[PDB]
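Given as structure tokens, the chain that follows is alone and in the form deposited in one PDB entry.
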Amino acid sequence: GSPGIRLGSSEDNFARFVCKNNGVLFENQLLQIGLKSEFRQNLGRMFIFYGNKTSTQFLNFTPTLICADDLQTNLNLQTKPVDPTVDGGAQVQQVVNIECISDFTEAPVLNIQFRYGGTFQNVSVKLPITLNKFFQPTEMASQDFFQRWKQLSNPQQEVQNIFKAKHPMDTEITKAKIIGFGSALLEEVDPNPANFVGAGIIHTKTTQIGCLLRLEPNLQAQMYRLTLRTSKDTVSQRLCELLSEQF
């Protein structure tokens, strides 16, 4: 992504919302922005909470969703305007109805403008709507998994990444991350039990993408080997990028 220190940037907390849907996306000294989201098929609903941390009412409180270029087609967001007046210590909510059209990489931008004490306040933060949010976990026996694993022919559909662990390589947290990521977590597939296997279908209006994944941790070297095999090259690429940043 962008170069430079990611503190006070539009994406300080973005990565914390890839494998979970709830939490505080952003908070400065006047406003706290929280999220709660739910997904099903190629659709989702994201609640955005605007908490006024001051004792002063905000005015002309205007949050707007912006989807840059390709995203303008791959994702369709619909939402209702929010009450422009926000009491001190109060919270206003915004429900965003999400429709995934095709697989995507970019993230929508949430721009918030309001008046506080007669001054212009302007905030811009990346919204955590990611491709993996449209997963349907698909449980299956190991023989069925290998059968599908070996049906991949297009080399562009396989994407591998060997990278350095960015966080302690804790077994239980790893499991919770894969599950939160979206695919089914399949033990009993890789003969090596310390490895992790996932399977699921990514759902979009125009195409359903079957996805398989293998994560091989190397505890001594503090590294991981991640392999994505899916029915669409750009999905294998995007999912591999996303998941790799989580470990």
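Under this definition, the rigid core comprises the largest set of C-alpha atoms superposing within 1.5 Å between the forms. Residue numbers here begin at 1 and follow the sequence given.
Per-stretch RMS Cα distance to the displayed form in 5 other deposited structures of this protein, following rigid core alignment, is highest for 68 to 76 when 118 to 126 and 68 to 76 are compared. In 5 other deposited structures of this protein, superposed by the rigid core, the C-alpha atoms of 187 to 195 lie farther from the shown form than the other of 25 to 33 and 187 to 195. Higher mean CA temperature factor between 98 to 106 and 150 to 158: 150 to 158, per the PDB entry. Of the two stretches examined, 130 to 138 and 171 to 179, the record assigns the greater average C-alpha temperature factor to 171 to 179. Residue-level inspection of the entry shows that, of 234, 227, 22, 231, 22 has the top Cα B-factor.
Per the deposited record, the Cα B-factor of residue 240 falls in the lowest third when ranked against the other modelled residues of its chain. Among all modelled residues in its chain, residue 163 ranks in the highest third by Cα B-factor. The deposited CA B-factor of residue 85 belongs to the middle third of values across its chain. In this PDB entry, residue 18 carries a Cα temperature factor that places it within the lowest third of its chain's modelled residues. Sort the chain's modelled residues by C-alpha temperature factor and residue 112 lands in the lowest third, per the entry.
There is also a form deposited with a partner chain bound; it is not shown, and the following applies to it.
Contact with its partner chain in the bound PDB entry holds for none of 165, 174 and 244, as no heavy atom of theirs lies within 4.5 Å. Contact check for residue 180: no non-hydrogen atom falls within 4.5 Å of its partner chain in the bound PDB entry. Its partner chain is not shown here, but in the bound PDB entry it comes within 4.5 Å of a heavy atom of residue 33. With a 4.5 Å cutoff on heavy atoms, residue 24 counts as touching its partner chain in the bound PDB entry. For residue 72, no non-hydrogen atom is located within 4.5 Å of its partner chain in the bound PDB entry, even though that partner is not displayed. A heavy atom within 4.5 Å of its partner chain in the bound PDB entry is found for exactly one of 91, 136, 111, 79: 91.
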